[PDB]
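Participant: Here is my input, please return the structure:
(chains A and B, ligands or ions: 5)
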Amino acid sequence: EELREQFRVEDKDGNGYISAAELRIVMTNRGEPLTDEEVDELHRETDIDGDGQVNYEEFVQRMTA
Amino acid sequence: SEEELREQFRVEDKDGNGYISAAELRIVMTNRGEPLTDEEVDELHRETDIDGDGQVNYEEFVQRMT
Ligand SMILES: [Ca+2]
Ligand SMILES: [Ca+2]
Ligand SMILES: [Ca+2]
Ligand SMILES: [Ca+2]
Ligand SMILES: [Ca+2]
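Facilitator: Numbers count the residues shown, from 1 in each chain, chains lettered A, B, ... in the order given. Ligands and ions are numbered 1, 2, ... in the order given. You can find the structure just below:
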């Protein structure tokens, strides 16, 4: 579905997680100038279970906002 | 030693997710009074981040420190 496809676009190495670096790429491509350190905090906020990675369920939870 | 490296990793990994972010390294350097700009902090972090995921794990921390 559309959420699955968007997750796949943001997951560059295809390991099922969106990393901080992959989130930086997302924000760059959205034309949102964010510093690396700011993206770090956005990544942390998205990482509900605190394993340091954004999985698909966490991506969906944020996209539902 | 492993015990000292683990202690230092835990100090830097404030949010406890198993990684040190550039934002966490910024906090580390400011708390130490290290005269580094944000760009310099972010550059050090990029140099430490061997695998490029934007996140410094314990292995990469040890590699930089040893
Ligand atoms: Ca992909
Ligand atoms: Ca990935
Ligand atoms: Ca997670
Ligand atoms: Ca951390
Ligand atoms: Ca890394």
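Participant: Where do the helices of chain A begin and end?
Facilitator: Here chain A has its helices, by DSSP state H, at A:2-10, A:20-29, A:36-46, A:56-63.
Participant: For the residue in chain A positioned nearest to ligand 4, what are phi and psi?
Facilitator: Nearest residue of chain A to ligand 4 (CB to the ion) works out as residue A:52 at 6.6 Å. Where C-beta positions appear, they are placed from N, C-alpha and C, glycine not excepted. Phi and psi for residue A:52, reported as degrees, to the nearest 10, are phi 80, psi 10.
Participant: residue contacts, it?
Facilitator: Contacts of residue A:52 were listed using CB atoms under 8 Å, 6 or more residues apart in numbering or on different chains, and they are B:17, B:18, B:19, B:55.
Participant: same thing but 10 Å
Facilitator: Contacts here follow CB atoms under 10 Å, 6 or more residues apart in numbering or on different chains; on that basis residue A:52 touches A:17, A:19-20, A:43-44, B:13, B:15-21, B:53, B:55, B:57.
Participant: Now mean neighbour count too, for the helices of chain A, in CSV please.
Facilitator: As requested, these are exported to CSV (neighbours: other CB atoms under 10 Å in any protein chain shown):
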stretch, mean neighbour count
helix A:2-10, 12
helix A:20-29, 18
helix A:36-46, 19
helix A:56-63, 14
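Participant: Which one of those helices lies nearest to ligand 5?
Facilitator: Checking the helices of chain A against ligand 5 by CB to the ion gives helix A:20-29 as the closest, at 8.2 Å.
Participant: Show residues contacting the closest one.
Facilitator: With CB under 10 Å, 6+ apart as the test, helix A:20-29 has contacts from A:6, A:9-13, A:15, A:18-19, A:32-36, A:38-44, A:46-47, A:52-54, B:19, B:21-23, B:46, B:49, B:51-56.
Participant: just those that are near ligand 2?
Facilitator: For ligand 2, the contacts drawn from the contacts of helix A:20-29 by CB under 5 Å from the ion are A:11, A:13, A:15.
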